[PDB]
């Protein structure tokens, strides 16, 4: 067995010193030979033997051994007699090994029969020289093999920047950007580093964007009906820039009435863009509603006040107006689902108005959690923390049904708690959750959740997927690709820090794999219209008989916010032709929000085709 990778591992103990030196449990995982876990010895009385050190791996690995690295500075607390326990579920534990280690500074190794475990506990019974009631350790490694499947990961893909915002383009290309710099941010320099990854060839084009005077770090994003991507606020808090995928260039838009950052933008049923909140930039507070049209620019909605969306963040309005969970709803309305406990109905006519939707059951505030629309008027919320900064994340998930009402229920908890994660609606109706960490501290990788999970509406259960290789915490992104795979990238963007990830990885979901790990034969779309109108009947030819399709709106994503994606399942009617079917698009543009969609054919095993692009008006 080689050592397992320790990304995301969290160490805790019976007792630990912090008064007389830094003896925290967490020091066994940092890789530094000079930093120790030491049992608590001050004040008197010192804590007595035995002492325990527990490791939560975040995942159910196969464990076949443990490596103990003693301190190098002196002999105090070198473990003598030892016990090793394992749990998969947290509650029942099993002995795998028991022994004694000699009184020297040599790294010790213990190997046993392979065991399925998320947790490994080391009990120290004696101090190898009986010098005192002490245990200590510089490093703990674990030997064995990580889970393979379900699903599979690509190798990492090199990026020339930290991809901290991202959008899917037609033609199987992915636009990403960072800030004025590939690896840091700040000021209002009016330049953004960008990179387009070609999903076919793996090639990356890098482009500095200076023509619109906009550093587009920390903005609101959405997809427009005509195909363009509107990006407003951020480091240049008043700017609007629009990206055209025909030209692959940016064009200046008009300024917002008030600058903002970390706000939420959402394309409405009319193809206008509504925005609310965002005190990260442009000033503190009063970040009330605005709406953009292409003919009139940004107009104020003074009767859409921010007060309704504010969480009880300890950081106040700087954080409490961040990253609202905004959705286009039937009828042309906007729905606010969170992260605040309080949910709202927003109307954009006139000066606007807000109506309370009541709370999200008994959820606490869920800042940096995800909300994902997996069907018509059906949303799944999950993860988040009551606070933006230094705050315990939750594993709780709540469903919300907004069809002719508001109906909230609590669903299954995730196997791990997450903040800073991303959510991705998949074509089969399931929802993937990716990344995040256990305790929200922006710019850290500590307690990163390495194994995505998949929620099946049919049973409301979460299933763990094969884990990825790079932690994806703050400033990470994930989104659906047209071949049905999921891109994950980014993390960090903190300058001389050691947590920048200038890469991504691509997840192949279980729906594309045979039991043996060979690629599943997929349905194929042979012919389909490239444009269509809400309420239209359209004709689709597949290469075999298909009766279920998914319209999946294309995504933009940053800082956990994705107002664009949504699943609209359609039932095919058979016609006279050879595996040619009719689909009927919903007439309601509140539901069928205009923009770029990926149309997917779903086979009887629920395997999806590669999608085709259809621009819906």
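Residue numbers count along the first chain shown, from 1.
Checked against the record, the higher mean CA B factor of 511-519 and 178-186 lies with 511-519.
Of the two segments, 58-66 and 551-559, the one listed with the higher mean B-factor is 58-66 (C-alpha atoms only). Within the listed group 376, 114, 372, 468, the record reports its top CA B-factor for 114. Note on the listed residues 382, 246, 142, 224: the highest Cα temperature factor in the record is that of 246. In the PDB entry, residue 565 places in the lowest third of its chain by CA B-factor.
Looking at the C-alpha B-factors along this chain, the one for residue 118 belongs to the middle third. Residue 101: CA B factor in the highest third of modelled residues in this chain (values from the PDB entry). Among the modelled residues of its chain, residue 170 has a C-alpha B-factor that falls in the middle third according to the deposited record. Among the modelled residues of the chain, residue 279 sits in the lowest third by CA temperature factor in this PDB entry.
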